[PDB]
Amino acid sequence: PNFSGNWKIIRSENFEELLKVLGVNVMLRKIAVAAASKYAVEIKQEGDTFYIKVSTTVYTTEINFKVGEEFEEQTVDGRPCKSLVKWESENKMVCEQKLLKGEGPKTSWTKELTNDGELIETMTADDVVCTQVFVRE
């Protein structure tokens, strides 16, 4: 596969329900759903090394990892975590997270390249799954 590209969001489902699981109050959940409508992902893949830049209108973050080696990022609601990415198949990776301090719901994410040229990202908290679909810019 090659995940590299500038990806633009075309669909986003269940994001508000994910944030509710994470304890975000109602008004901020709605504002965040609106922000996710400008969600853009820039990926550069070199083998199993990934450089990913995730951004909205006012915020941008970089996530750099190599498949199979632990790294530190943050969960969706912003708590620091230790993460480990593995392949599930040729075109799908899955990341398990574990909080660096304290307790909280079990979180994870996936990225998948479909045969139709889409990028599907999922984010999970407990048993609520958010699905976001992107196309190349």
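In case it trips you up, residue 1 is the first one in the sequence shown, and so on.
- Between the stretches 70-78 and 83-91, it is 70-78 that shows the larger average CA temperature factor.
- Per-stretch averaging of Cα B factors for 60-68 and 101-109 places 101-109 on top.
- Highest C-alpha temperature factor among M123, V24, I9, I120 per the entry: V24.
- Ranked within its chain, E16 lands in the lowest third, by CA B factor from the PDB record.
- Ranked against the other modelled residues of its chain, the C-alpha B-factor of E46 as given in the entry falls in the middle third.
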